[PDB]
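Coming up, as structure tokens: structure 1 and structure 2, two forms of one and the same protein chain.
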Structure 1
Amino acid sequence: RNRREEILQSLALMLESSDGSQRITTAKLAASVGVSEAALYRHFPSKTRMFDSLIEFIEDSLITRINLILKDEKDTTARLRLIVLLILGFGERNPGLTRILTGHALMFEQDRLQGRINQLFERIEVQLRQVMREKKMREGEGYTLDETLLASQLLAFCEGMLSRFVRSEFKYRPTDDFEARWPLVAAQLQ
């Protein structure tokens, strides 16, 4: 119930906190939830599972809002801008999950989990390319450069900002100066 979600909420908070640079032991996670280690296992079979649930929430949040953007906004460049802003905004709003997105928190857990995060990035990049491929249809002319190069370029930018947010103890917020940065990023869309 609120207990399962509660554990998850405490895990994200520890991830966001200074404890997030260290492994989140079941002991430490249990202490933070206010219950015993055993209590944790009534709701999850493993710690691996808790990260899986956190990753599911990240994928759902991002994929669902990406589709929302695609249905509401039809301008290709506007689409690109909004998806990038959504990723940075989502990361900034959830520092602990960003720590999962950048791979850092997963260093202590199952290699499979980083695999999940890589698939999520591939999905996002795949959507980026698709948006780019509709421009010719949408406005008469496509981009001159390879969409695969442009999309990796956009994602590289997002991953770079998230990585900085993480190394800086979350001081370098991902959306800071977004308005001044986007124009620079868009200049690449040739």
Structure 2
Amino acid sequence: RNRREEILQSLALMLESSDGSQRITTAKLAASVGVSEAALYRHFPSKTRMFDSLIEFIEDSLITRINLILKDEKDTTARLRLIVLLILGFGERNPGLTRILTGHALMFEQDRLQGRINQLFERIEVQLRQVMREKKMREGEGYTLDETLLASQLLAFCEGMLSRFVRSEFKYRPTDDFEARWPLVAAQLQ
């Protein structure tokens, strides 16, 4: 219920703390919300389910935000800019959810969790190639380079920004100087 949400947010926070270089315990978490260790399981069968709900929140957020973009912008280049900004801003506002995107927070959790993350990225990348291909349908003159290279190139930029954000201890924010960086990234597109 309402308590369910309040439990996930506490975890995302702990995931961004030193806990991530460690291991979140059902004990350390039930008190955060105040409820009993047992009452915690009334909303979550296990700690793994909590991660899933977090991963699921992540995919819903990204996927849904991307869909909106494609309806507010008809331009290919502008759509690409927004998708990257979207992934960088999301990370920045959710330092804990980023440690999952980067895998660091899944090291001592069900390796199956990394799988979901890996599938999510492929999903992102696939959406990115789909967008770039349409440039020929929208602008006639499309990209003279394979969309698979371009899309991966872009997602690598995003992942590299998130990775630098995590290791630096959230010091180097993903969006800092984004608009100054984007033109350099767009220069890679053809």
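Every residue number counts along structure 1's sequence, beginning with 1. For the two forms, the rigid core is made up of the largest set of C-alpha atoms that agree within 1.5 Å on superposition.
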>> Between the pair I just shared, point out the form deposited without the DNA.
In response: 2
> Given a rigid core superposition of the two forms, which one of 150, 30, 63, 70 has its CA shift by 2 angstroms or more between structure 1 and structure 2?
Replying inline: 30
>> So that I can tell if residue 174 moves, could you say whether its C-alpha shifts by at least 2 Å between structure 1 and structure 2 after the core superposition?
In response: no
> Core overlaid, residue 42 C-alpha shift between structure 1 and structure 2, how many Å?
Replying inline: 1.6
> What's the distance in angstrom the Cα of residue 93 travels between structure 1 and structure 2, core superposed?
Replying inline: 0.6
> Where the rigid core has been superposed, how far does the Cα of residue 18 end up moving between structure 1 and structure 2, given in Å?
Replying inline: 2.7
